[PDB]
Amino acid sequence: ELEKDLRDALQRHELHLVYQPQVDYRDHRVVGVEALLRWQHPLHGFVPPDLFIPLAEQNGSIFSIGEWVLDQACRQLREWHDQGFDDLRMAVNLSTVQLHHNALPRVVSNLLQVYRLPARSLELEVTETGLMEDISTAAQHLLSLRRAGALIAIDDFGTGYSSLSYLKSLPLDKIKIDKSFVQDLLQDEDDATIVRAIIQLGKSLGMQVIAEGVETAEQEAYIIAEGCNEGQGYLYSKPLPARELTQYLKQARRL
Amino acid sequence: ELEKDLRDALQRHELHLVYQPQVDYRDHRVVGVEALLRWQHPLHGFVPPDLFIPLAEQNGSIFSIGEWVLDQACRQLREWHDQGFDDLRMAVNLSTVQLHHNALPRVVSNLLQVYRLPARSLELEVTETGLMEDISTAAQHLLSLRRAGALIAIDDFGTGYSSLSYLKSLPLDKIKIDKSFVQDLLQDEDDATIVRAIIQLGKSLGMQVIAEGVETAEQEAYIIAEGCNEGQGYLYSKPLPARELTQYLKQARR
Ligand SMILES: [Mg+2]
Ligand SMILES: [Mg+2]
């Protein structure tokens with residue numbers, strides 16, 4: 001039922017990473033890339049991450065998959081840095097189980113040393129739900145990750161529960177607006193209100209804000225006018241395999 | 001013995017209300033009053049509400065106590081309206097267990113009609129913790145309360161967990177900055193950041209913002225500059241018994 005086929009997946013080389021660029025609106029430059037895990041099974045097609053990551057969390061294999069993801073993402077960043085894009089950031093999502101695994105600080109610190117990555121070049125994305133299960137342990141691990149040189153961002157912001165007390169207290173550097181609000185920006189005006197509110201909440205707390213799911217130039221124009229710092233989504237590029245994002249990044253940085 | 005004593009505090013008339021005024025910064029005029037429950041035990045003295053309301057929620061006394069508070073508060077609003085303070089609003093705190101009780105909409109609607117109170121004159125204060133206890137039930141009770149003519153405010157904001165999604169979709173009118181962030185305002189700069197953020201979150205979402213715990217004129221100047229709409233705290237008045245708050249209202253509207 002693929003909850004059984006998931007187990008062979010990494011062994012069968014059925015998992016891979018795709019990469020989505022992130023654009024800074026101060027200079028409209030590509031400044032970061034988000035690594036996204038895919039499972040393309042030869043019989044079933046792509047299996048949604050929202051399906052199989054819960055599966056991996058329940059059978060205790062998510063930490064081993066996450067180790068593989070982090071290694072491949074850090075290696076890919078080192079390759080891109082060596083090609084001249086040495087200010088590029090790499091962002092990697094951490095599932096809730098990973099976030100609360102006490103070996104996560106060691107795994108990340110190892111990779112930052114092994115690939116000799118600059119400070120502030122790896123960003124770890126966590127969700128509001130991940131933080132809420134056990135804010136005590138999450139805070140300890142996030143502080144340790146920041147101490148090792150990683151940045152921390154909150155993914156899918158606005159879809160979970162957050163405490164403003166903890167948002168300012170934690171070592172959080174960036175808020176990512178959930179794409180559900182950005183995608184329907186120009187249509188629903190409660191969605192636009194929440195987009196504007198998240199932007200201003202990031203500004204009020206001294207955090208960068210990135211809009212996910214930017215599909216159209218008119219959406220980009222609206223969020224830039226309201227003060228958003230960065231963007232991600234189809235307007236810039238869908239998620240791409242590494243070889244194709246290398247071409248996109250060289251083309252984007254050419255001029 | 002404390003939980004035991006609270007079981008019958010209400011027949012023993014050991015509960016009373018005090019009232020704290022609220023000031024609108026658009027014209028620096030008293031626009032509302034918060035009713036606050038007190039329990040002065042004959043042997044123990046004042047028992048903190050943070051102590052006896054969780055006790056009332058476990059032992060089931062909260063329902064009858066809460067109904068008594070709303071009744072006394074609506075009665076006092078009717079008296080002040082008839083004394084010429086026609087537009088005054090009354091604010092009452094609802095505990096989590098109260099907020100999720102099936103009979104809460106009928107209790108509030110009864111009192112609004114019994115005391116012939118105008119629409120938007122009673123404001124019910126709920127906490128983020130109360131909303132997150134069961135967002136489905138909370139949402140339908142809040143919609144019924146608003147449908148009956150009550151206003152809804154989130155009390156102690158910033159100290160619990162909220163969702164921007166639900167803040168916008170619920171029938172909320174007002175956010176109350178938690179007193180702990182305002183008391184630390186001028187000396188502590190991270191709480192100044194939280195205060196600024198809450199005020200701006202309120203503007204962004206189209207909700208009024210009231211600061212609780214305002215103690216000095218410099219704090220008030222800071223929060224108005226930031227866009228705060230209302231204030232409450234020792235700077236205006238500490239909580240007062242009804243006869244002194246009447247004196248306070250009369251003194252101002254001279
Ligand atoms: Mg992400
Ligand atoms: Mg209150």
# chains A, B, ... in the order shown; residues from 1 in each chain; ligands from 1

call {"tool": "interface_residues", "arguments": {"of": "chain A", "to": "chain B", "cutoff": "7 Å", "atoms": "only C-alpha atoms", "output": "ChimeraX atom specification"}}
result
/A:158-165,193-194,196-197,201,204-205

call {"tool": "write_last_selection", "arguments": {"atoms": "C-alpha atoms", "output": "PDB file, in the first residue's frame"}}
result
ATOM      1  CA  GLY A 158      -0.896  31.527   9.117  1.00  0.00           C
ATOM      2  CA  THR A 159      -2.230  27.951   8.910  1.00  0.00           C
ATOM      3  CA  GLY A 160      -1.242  26.886  12.436  1.00  0.00           C
ATOM      4  CA  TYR A 161      -1.257  28.374  15.921  1.00  0.00           C
ATOM      5  CA  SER A 162       1.490  30.750  17.056  1.00  0.00           C
ATOM      6  CA  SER A 163       2.323  32.716  20.186  1.00  0.00           C
ATOM      7  CA  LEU A 164       3.711  36.191  19.571  1.00  0.00           C
ATOM      8  CA  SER A 165       5.659  35.753  22.819  1.00  0.00           C
ATOM      9  CA  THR A 193      -5.884  41.035   4.525  1.00  0.00           C
ATOM     10  CA  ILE A 194      -4.064  38.062   6.058  1.00  0.00           C
ATOM     11  CA  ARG A 196      -0.898  42.145   4.503  1.00  0.00           C
ATOM     12  CA  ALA A 197      -1.142  41.236   8.194  1.00  0.00           C
ATOM     13  CA  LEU A 201       3.786  41.215  11.609  1.00  0.00           C
ATOM     14  CA  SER A 204       6.961  44.616  13.446  1.00  0.00           C
ATOM     15  CA  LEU A 205       9.093  41.765  14.839  1.00  0.00           C
TER      16      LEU A 205
END

call {"tool": "residues_near_ligand", "arguments": {"ligand": "ligand 2", "cutoff": "8 Å", "atoms": "only C-alpha atoms and all ligand atoms", "output": "PyMOL selection string"}}
result
chain B and resi 34+36+91-93+125-126+155-156+176

call {"tool": "closest_atom_pairs", "arguments": {"of": "chain A", "to": "ligand 1", "cutoff": "9 Å", "atoms": "only C-alpha atoms and all ligand atoms", "output": "Markdown table"}}
result
| residue | atom | partner | partner_atom_place_in_ligand_line | distance |
| --- | --- | --- | --- | --- |
| A:34 | CA | ligand 1 | 1 (Mg) | 6.8 |
| A:35 | CA | ligand 1 | 1 (Mg) | 8.0 |
| A:36 | CA | ligand 1 | 1 (Mg) | 7.4 |
| A:91 | CA | ligand 1 | 1 (Mg) | 7.4 |
| A:92 | CA | ligand 1 | 1 (Mg) | 6.7 |
| A:93 | CA | ligand 1 | 1 (Mg) | 5.0 |
| A:94 | CA | ligand 1 | 1 (Mg) | 8.3 |
| A:124 | CA | ligand 1 | 1 (Mg) | 8.6 |
| A:125 | CA | ligand 1 | 1 (Mg) | 5.7 |
| A:126 | CA | ligand 1 | 1 (Mg) | 7.7 |
| A:127 | CA | ligand 1 | 1 (Mg) | 8.5 |
| A:153 | CA | ligand 1 | 1 (Mg) | 8.8 |
| A:154 | CA | ligand 1 | 1 (Mg) | 8.4 |
| A:155 | CA | ligand 1 | 1 (Mg) | 5.4 |
| A:156 | CA | ligand 1 | 1 (Mg) | 7.2 |
| A:176 | CA | ligand 1 | 1 (Mg) | 8.0 |
| A:212 | CA | ligand 1 | 1 (Mg) | 8.8 |

call {"tool": "select_by_dssp", "arguments": {"residues": "range 107-176 of chain B", "states": "helix (DSSP H, G or I)", "output": "JSON, numbers by chain"}}
result
{"B": [107, 108, 109, 110, 111, 112, 113, 114, 128, 129, 130, 131, 132, 133, 135, 136, 137, 138, 139, 140, 141, 142, 143, 144, 145, 146, 147, 164, 165, 166, 167, 168, 169]}

call {"tool": "write_last_selection", "arguments": {"atoms": "N, CA, C and O atoms", "output": "compact mmCIF listing (two decimals), in the first residue's frame"}}
result
# COMPACT_ATOMS: atom_id res chain seq x y z
N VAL B 107 -28.16 32.59 28.00
CA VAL B 107 -27.97 33.38 29.22
C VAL B 107 -27.71 34.84 28.88
O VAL B 107 -28.29 35.75 29.48
N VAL B 108 -26.82 35.09 27.92
CA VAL B 108 -26.48 36.48 27.59
C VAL B 108 -27.67 37.16 26.92
O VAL B 108 -28.01 38.30 27.25
N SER B 109 -28.31 36.47 25.97
CA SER B 109 -29.45 37.05 25.26
C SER B 109 -30.59 37.38 26.20
O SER B 109 -31.27 38.40 26.03
N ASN B 110 -30.84 36.51 27.19
CA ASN B 110 -31.85 36.82 28.21
C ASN B 110 -31.55 38.14 28.91
O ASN B 110 -32.44 38.97 29.09
N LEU B 111 -30.31 38.33 29.34
CA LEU B 111 -30.00 39.51 30.14
C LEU B 111 -30.03 40.78 29.30
O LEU B 111 -30.47 41.83 29.78
N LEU B 112 -29.60 40.70 28.03
CA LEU B 112 -29.70 41.87 27.16
C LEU B 112 -31.15 42.31 27.01
O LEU B 112 -31.44 43.51 26.93
N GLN B 113 -32.08 41.36 26.97
CA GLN B 113 -33.49 41.70 26.81
C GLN B 113 -34.12 42.11 28.13
O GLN B 113 -34.92 43.04 28.18
N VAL B 114 -33.76 41.42 29.23
CA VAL B 114 -34.31 41.76 30.54
C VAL B 114 -33.95 43.18 30.94
O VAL B 114 -34.78 43.92 31.48
N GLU B 128 -7.31 33.57 24.25
CA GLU B 128 -6.86 32.67 23.19
C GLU B 128 -6.93 31.22 23.64
O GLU B 128 -7.28 30.33 22.85
N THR B 129 -6.62 30.96 24.91
CA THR B 129 -6.71 29.60 25.43
C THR B 129 -8.13 29.06 25.35
O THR B 129 -8.35 27.90 25.00
N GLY B 130 -9.12 29.91 25.64
CA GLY B 130 -10.50 29.48 25.53
C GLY B 130 -10.90 29.13 24.11
O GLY B 130 -11.62 28.15 23.88
N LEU B 131 -10.45 29.93 23.14
CA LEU B 131 -10.78 29.65 21.74
C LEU B 131 -10.15 28.35 21.27
O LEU B 131 -10.80 27.55 20.58
N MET B 132 -8.89 28.12 21.64
CA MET B 132 -8.18 26.94 21.17
C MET B 132 -8.66 25.65 21.84
O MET B 132 -8.33 24.56 21.35
N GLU B 133 -9.43 25.75 22.92
CA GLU B 133 -9.96 24.56 23.59
C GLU B 133 -10.85 23.73 22.65
O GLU B 133 -10.83 22.50 22.69
N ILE B 135 -12.23 25.09 18.79
CA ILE B 135 -12.50 26.24 17.94
C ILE B 135 -13.88 26.14 17.29
O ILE B 135 -14.53 27.16 17.05
N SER B 136 -14.35 24.92 17.02
CA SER B 136 -15.66 24.74 16.40
C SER B 136 -16.78 25.25 17.31
O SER B 136 -17.58 26.11 16.91
N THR B 137 -16.86 24.71 18.53
CA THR B 137 -17.87 25.15 19.48
C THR B 137 -17.72 26.63 19.80
O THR B 137 -18.71 27.36 19.87
N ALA B 138 -16.48 27.09 20.01
CA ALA B 138 -16.26 28.51 20.31
C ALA B 138 -16.82 29.38 19.20
O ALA B 138 -17.51 30.37 19.47
N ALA B 139 -16.58 29.00 17.94
CA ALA B 139 -17.02 29.81 16.81
C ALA B 139 -18.54 29.92 16.76
O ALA B 139 -19.08 31.01 16.50
N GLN B 140 -19.26 28.82 16.98
CA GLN B 140 -20.71 28.92 16.89
C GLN B 140 -21.30 29.67 18.07
O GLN B 140 -22.28 30.40 17.90
N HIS B 141 -20.72 29.54 19.27
CA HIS B 141 -21.21 30.34 20.39
C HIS B 141 -20.93 31.82 20.18
O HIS B 141 -21.79 32.66 20.45
N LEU B 142 -19.74 32.15 19.67
CA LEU B 142 -19.41 33.55 19.40
C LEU B 142 -20.34 34.15 18.36
O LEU B 142 -20.77 35.30 18.49
N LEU B 143 -20.64 33.39 17.30
CA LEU B 143 -21.56 33.89 16.28
C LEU B 143 -22.94 34.14 16.86
O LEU B 143 -23.58 35.15 16.56
N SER B 144 -23.40 33.24 17.73
CA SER B 144 -24.69 33.44 18.38
C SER B 144 -24.67 34.67 19.28
O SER B 144 -25.64 35.44 19.32
N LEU B 145 -23.58 34.86 20.03
CA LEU B 145 -23.50 36.01 20.93
C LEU B 145 -23.52 37.31 20.14
O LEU B 145 -24.23 38.26 20.50
N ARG B 146 -22.76 37.36 19.05
CA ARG B 146 -22.74 38.55 18.21
C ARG B 146 -24.11 38.77 17.58
O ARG B 146 -24.60 39.90 17.51
N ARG B 147 -24.75 37.68 17.16
CA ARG B 147 -26.10 37.76 16.60
C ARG B 147 -27.08 38.35 17.61
O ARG B 147 -28.03 39.04 17.22
N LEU B 164 -3.89 33.50 12.92
CA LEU B 164 -4.35 34.58 12.04
C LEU B 164 -5.58 34.21 11.23
O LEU B 164 -6.47 35.04 11.04
N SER B 165 -5.64 32.97 10.73
CA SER B 165 -6.81 32.57 9.97
C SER B 165 -8.08 32.73 10.80
O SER B 165 -9.03 33.40 10.38
N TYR B 166 -8.08 32.19 12.02
CA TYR B 166 -9.27 32.21 12.86
C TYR B 166 -9.55 33.60 13.41
O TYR B 166 -10.72 34.00 13.53
N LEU B 167 -8.51 34.36 13.76
CA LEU B 167 -8.71 35.74 14.20
C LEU B 167 -9.56 36.51 13.20
O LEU B 167 -10.48 37.25 13.59
N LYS B 168 -9.28 36.34 11.91
CA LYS B 168 -9.99 37.10 10.88
C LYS B 168 -11.40 36.56 10.65
O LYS B 168 -12.33 37.34 10.42
N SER B 169 -11.58 35.24 10.71
CA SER B 169 -12.88 34.65 10.39
C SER B 169 -13.86 34.70 11.55
O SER B 169 -15.08 34.77 11.32

call {"tool": "residues_around", "arguments": {"residues": "residue 113 in chain A", "least_positions_apart": "5", "cutoff": "12 Å", "atoms": "only C-alpha atoms", "output": "MDAnalysis selection string"}}
result
chainID A and resid 71 74:75 78 106:108 118:119 122 148:150

call {"tool": "write_last_selection", "arguments": {"atoms": "C-alpha atoms", "output": "PDB file, in the first residue's frame"}}
result
ATOM      1  CA  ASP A  71      23.396  15.842   3.084  1.00  0.00           C
ATOM      2  CA  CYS A  74      24.339  20.768   1.574  1.00  0.00           C
ATOM      3  CA  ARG A  75      26.434  19.050  -1.092  1.00  0.00           C
ATOM      4  CA  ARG A  78      28.711  23.576  -1.959  1.00  0.00           C
ATOM      5  CA  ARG A 106      24.655  16.946  15.552  1.00  0.00           C
ATOM      6  CA  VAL A 107      23.543  16.008  12.040  1.00  0.00           C
ATOM      7  CA  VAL A 108      23.306  19.649  10.920  1.00  0.00           C
ATOM      8  CA  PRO A 118      29.403  29.912   5.280  1.00  0.00           C
ATOM      9  CA  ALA A 119      27.450  31.112   8.290  1.00  0.00           C
ATOM     10  CA  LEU A 122      21.618  26.819   5.524  1.00  0.00           C
ATOM     11  CA  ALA A 148      25.926  26.027  14.743  1.00  0.00           C
ATOM     12  CA  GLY A 149      25.324  28.630  11.994  1.00  0.00           C
ATOM     13  CA  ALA A 150      21.924  27.651  10.552  1.00  0.00           C
TER      14      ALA A 150
END

call {"tool": "residues_around", "arguments": {"residues": "residue 217 in chain B", "least_positions_apart": "6", "cutoff": "12 Å", "atoms": "only C-alpha atoms", "output": "VMD selection string"}}
result
chain B and resid 185 to 186 223 to 224 231 233 to 236

call {"tool": "atom_distance", "arguments": {"atom1": "CA of residue 187 in chain A", "atom2": "CA of residue 231 in chain A"}}
result
18.8 Å

call {"tool": "select_by_dssp", "arguments": {"residues": "range 142-222 of chain B", "states": "strand (DSSP E)", "output": "count of residues only"}}
result
16
